[PDB]
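Coming up are structure 1 and structure 2: the same protein chain in two forms, each one given alone as structure tokens.
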Structure 1
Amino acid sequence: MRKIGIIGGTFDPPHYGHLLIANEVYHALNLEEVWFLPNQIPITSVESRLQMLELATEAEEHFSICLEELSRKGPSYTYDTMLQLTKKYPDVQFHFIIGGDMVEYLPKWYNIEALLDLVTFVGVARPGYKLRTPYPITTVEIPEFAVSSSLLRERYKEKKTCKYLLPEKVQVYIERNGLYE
């Protein structure tokens, strides 16, 4: 029933690439909410990541943090996570957001066909682009913003500018607490 977007990631740190995708999909598909789902890490503390995530999202009631993947140590197969969430929120239609580059590879995901019954995949395409896939997925066109957590971590380490890449508030948190040096 209720349409909720899911966006996974390390959020280490969270950045404007996350916010942009969350906002676009939120509007394109007319979602009720978008949940940011912090993954485990393949190191910044979990608390630090959640506080940055909180600062990143504090300004929009429709963005929320989901801790499911954290109540269990080690890597989670997306299927396990989504199984738990559908179990917990039976009246929610989950929209699992993925990059268009990822769409090609979906057949390689653990338990992909059972996973397809749990969620609606949303692929992010560059404007003007059609995604090629055997599976029935939704496409949302979004200008490419090639920023990533790891790129930002490098930069902070090299004392290089990050202006415009992640929220001013998260930057302050980072500098204040001396993350990524």
Structure 2
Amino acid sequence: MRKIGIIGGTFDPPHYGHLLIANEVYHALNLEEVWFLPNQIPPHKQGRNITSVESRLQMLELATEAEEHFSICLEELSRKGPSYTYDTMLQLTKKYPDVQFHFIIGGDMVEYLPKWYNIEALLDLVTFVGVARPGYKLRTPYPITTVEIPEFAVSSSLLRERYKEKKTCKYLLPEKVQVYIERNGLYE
């Protein structure tokens, strides 16, 4: 079976941290490809902004288009509302019978896996890949694959605050995404 990584999130915006993690897992586990899986976001409760599906998808394209081994999976983003990861992976399993899915999660996610919807059934659909800091181990009763990656501290929350302050985020994310964000006045 084809070894394919999945990295999910809202990518709001995508940045070098996401690419670094995707790349590290790609090399560490000798994957064929990594699919970025943009999540759906429910409409805001209190008349504030969420970043459109259109904008998030385009930023993601700009962030990944340079890498032949990165692709985008629209399974969640095409639906009307959020999806449980179990339901998504069930659907990807039906659509791609010959793929072994390696589902990337942060080290801090790991202790909370037992609280995921249909976790037991999901374990039969994917191999989890927990990203841990150098030399440190993840503790979980579940079978998981560990990949070591330094914590680089860049986050979407950091970048949004900078854009709110009308600063550049050059060197924290692909040039092309920075250009797109400031041009369309995102995160202001």
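If you superpose the two forms and keep the largest set of C-alpha atoms that fall within 1.5 Å, you have the rigid core. One-based numbering along structure 1's sequence throughout.
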query: Cα displacement of residue 161 between the two structures, once the rigid core is superposed (Å); finding: 4.1
query: Rigid-core-superposed Cα shift at residue 86 between the two structures, Å; finding: 0.4
query: Core-fitted comparison between the two structures - CA shift at residue 73, Å; finding: 1.7
